[PDB]
Amino acid sequence: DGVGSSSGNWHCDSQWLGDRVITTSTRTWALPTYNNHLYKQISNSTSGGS
Amino acid sequence: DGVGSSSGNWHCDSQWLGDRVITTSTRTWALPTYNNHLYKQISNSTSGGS
Amino acid sequence: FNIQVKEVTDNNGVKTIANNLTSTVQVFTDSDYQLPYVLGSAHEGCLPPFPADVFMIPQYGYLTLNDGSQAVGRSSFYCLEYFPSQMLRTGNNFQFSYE
Amino acid sequence: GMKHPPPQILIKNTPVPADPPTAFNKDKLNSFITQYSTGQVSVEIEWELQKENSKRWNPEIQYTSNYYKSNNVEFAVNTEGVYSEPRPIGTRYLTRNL
Amino acid sequence: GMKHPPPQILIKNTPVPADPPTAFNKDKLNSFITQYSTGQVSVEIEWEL
């Protein structure tokens, strides 16, 4: 549990046991900073009328 | 088990115990990023015909 | 073992390499021979005979059924991502045994 | 449809202020270190199946790939490395009496 | 010759995305931090004579 330690593995498989199926998916994501760290009021008005 | 700790030793020797031989080899490798993180379809067509 | 993930930066031709401690490497073994077996085709990129040599790991690629440069309905596509694999940052070691 | 479906999972990078002025100011900070994060996600779902028990004599309709030769494999990657789903696929292939 | 020879051992550097746009886009990311890894390998085989 440290900077230099993985905190999870890529587990990704589907196994069928008869009456049940177990799907497991792993994806790698990216998260930007949205809205300049702001909550902004929006409307069809701030969207250029409609 | 941390950034500043070796996670294995260079063990490399062959020992003979009579009817058995134990060979142990250690090499140092390098791994580039292949295919720009892509799976690409290939054929003798994408290879310039043949 | 002794994994080191390095990040290369190239600004104005000036290349520089730094450690990326948080980066990981994925490793897994085709224990059930579900992937096209590439070994035993006398391919280059084995461990060098001389212990001192530092080698580059060969890229994995494979071939299915073909009709000229086209693929028939049988042809199989495999995604290695669709396999469970261990993930390791520097300071993590992988190993397995085989009979 | 569910009254209590899988809950929403919200994520956000915690704001990291740039160097603030050395003289107090009541205004909220608007100067931040530009950041972004990355990692892995794992979603494991367990599905329950209701297997077919038909007494139909003749073979049923089945979803199949087309054997006829083609440039690319259906539901595979391009030569550019672009995965594509060639068509929509329903679930209604097997038959059952009313 | 073996029906079950030594299994294939596949390795890969996990992709590390560069700075993504601050506005959502459905397209898969194609801008990555250029990386490579290095380390040690050990192969120990027991042979019968």
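Using ideal geometry, Cβ is built from the backbone for each residue, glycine included, and neighbour counts are taken over all protein chains shown. Where a number appears in this text, it was derived from the coordinates with a stated rule and is not lab data.
General remarks:
- Centre separation in Å (Cα based) which lies between region B:28-45 and region C:24-99: 11 Å
- Taking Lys and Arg as +1 and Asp and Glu as -1, the other residues whose beta-carbon sits under 9 Å from that of residue A:22 total -2.
- Reduced Cα scattering model of chain E, Debye log10 I(q)/I(0), q = 0.19, 0.28 Å⁻¹: -0.86, -1.21
- Per-residue HN-Hα couplings for region D:35-48 [Karplus 6.51, -1.76, 1.60; θ = phi - 60°; Hz; x = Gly/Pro]: 9, 7, 10, 8, x, 10, 10, 10, 10, 10, 10, 9, 10, 9
- Cα-centre dipole for chain C with unit charges at Cβ (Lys and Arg positive, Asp and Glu negative), debye to 20: 260 debye
- Long-range HN-HN contacts of residue A:6 with modeled amide H, under 5 Å: C:89
- √(5λ) per eigenvalue of the Cα gyration tensor, chain A, largest first, Å: 41, 23, 8
- Taking the average, over residues, of other Cβ atoms within 10 Å as the packing measure, peptides C:16-26, D:62-72 rank C:16-26, D:62-72 from highest down.
- Cα pair distances of region C:4-74 binned at 10 Å [whole percent]: 12, 25, 32, 21, 10
- Average other protein chain Cβ within 10 Å of Cβ, residues D:48-56: 1
- Straight-distance candidates among the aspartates and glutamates for linking to residue C:15, with alpha-carbon spacing under 14 Å and chain neighbours fewer than 8 residues away dropped: C:7.
- Backbone phi angles across region D:11-26, fed through the Karplus curve with coefficients 6.51, -1.76 and 1.60 (θ = phi - 60°), yield HN-Hα couplings of 10, 6, 6, 5, x, 10, x, 6, 4, x, x, 7, 10, 3, 8, 5 Hz in residue order; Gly and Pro are listed as x.
- Packing-based exposure ordering (other Cβ within 10 Å, fewest first) of D:51, E:28: D:51, E:28
- Taking other Cβ atoms within 10 Å as a rough exposure proxy, E:45, C:3 sort from fewest to most as E:45, C:3.
- Taking the Cα centre of the protein assembly as shown as origin and assigning +1 to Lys and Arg Cβ atoms and -1 to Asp and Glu Cβ atoms, the resulting dipole is close to 1400 debye.
- Partner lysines for residue B:40 [C-alpha distance under 22 Å; skip if fewer than 8 residues away on the same chain]: D:69, E:12, E:26, E:28
- Spatial separation of Cα centroids for region E:10-33 and region D:29-98, in angstrom: 23 Å
- Shielding value for C:78-84 is 5, the average number of Cβ atoms from other chains within 10 Å of each residue's Cβ.
- Under 5 Å between amide hydrogens, built in the peptide plane, is the criterion, and for residue D:32 it picks out D:18 among residues at least 5 positions away or on other chains.
- Between amide H atoms placed 1.01 Å from N, distances below 5 Å from residue D:44 occur with A:25, all of them 5 or more places distant or on a separate chain.
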